[PDB]
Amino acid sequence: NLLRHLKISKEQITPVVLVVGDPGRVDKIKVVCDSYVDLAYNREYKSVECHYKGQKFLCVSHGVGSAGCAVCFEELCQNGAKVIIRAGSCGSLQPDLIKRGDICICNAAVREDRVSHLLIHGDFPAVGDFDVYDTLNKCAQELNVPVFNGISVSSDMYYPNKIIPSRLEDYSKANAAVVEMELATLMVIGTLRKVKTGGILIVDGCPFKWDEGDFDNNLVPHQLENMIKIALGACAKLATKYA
């Protein structure tokens, strides 16, 4: 019996799952694996079974935004998933240090969403599993891929208006490294559901400089590949522990 919105069965769910926001990215990633098996595609949720380094793990798209990815995350977590790693893009909150193309492996996030709050009080931290976190950094090292580490601001607001000030600058001063829209939700759902989570992101611009055109419609080819290698490598290594 398929999951309400992912449209896959519990038996099709592997212990390690790699989630991305763009359903089209799932097709781009499956092709770089040793082999793959398409499972389903419903709404913005595309699921494919990946095979990498003799290891097996799913790759599912969660779509844009916290409320949307929460549906995906909850279905994965409540049906077998043990490790969920989000791989996506992000904006730099430190323009003088982190730039387009750079990779950042995050261990925690700012809960600027609503669903995590509807799940647990705001004082609760949005934090990833440090073993998952460690696995990601090690894979990066072994591949000789320099990366940044830090906190990501997960905000439900992509396009700000001019009435209520955005908190991005505050968080930049607070030393948050990047900003995206799903990590915190994944992390909180993960801890509440005893699922190990992690996150690796690649910068595609800086929201502080969008007016000056500091935004790339497309990610830096070379680096996107490196990040995916890191991500796949990690999932493989982590999967080995449940095989």
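Residues carry their position along the shown sequence, with the first being 1.
For residue 41, the record comparison shows coordinates present in all the other entries of this protein that model its neighbours, with no third of them leaving it out. Note: missing coordinates for residue 213 occur in a third or more of the other compared entries bracketing this position.
The deposited model assigns a higher average Cα B-factor to 69-77 than to the other stretch when 69-77 and 114-122 are compared. Of the two stretches examined, 209-217 and 44-52, the record assigns the greater average C-alpha temperature factor to 209-217. Which of 163, 85, 143, 153 has the largest Cα B-factor in the deposited entry comes down to 143.
Sorting the modelled residues of the chain by their CA temperature factor places residue 64 in the lowest third.
In this PDB entry, the Cα temperature factor of residue 109 sits in the bottom third of its chain's modelled residues, the lowest group. Per-chain ranking of the deposited C-alpha B factor places residue 157 in the lowest third. Residue-level temperature factors show residue 180 in the lowest third of its chain, judged at the C-alpha atom. For residue 102, the recorded CA B-factor ranks within the middle third of the chain. Only modelled residues enter the ranking.
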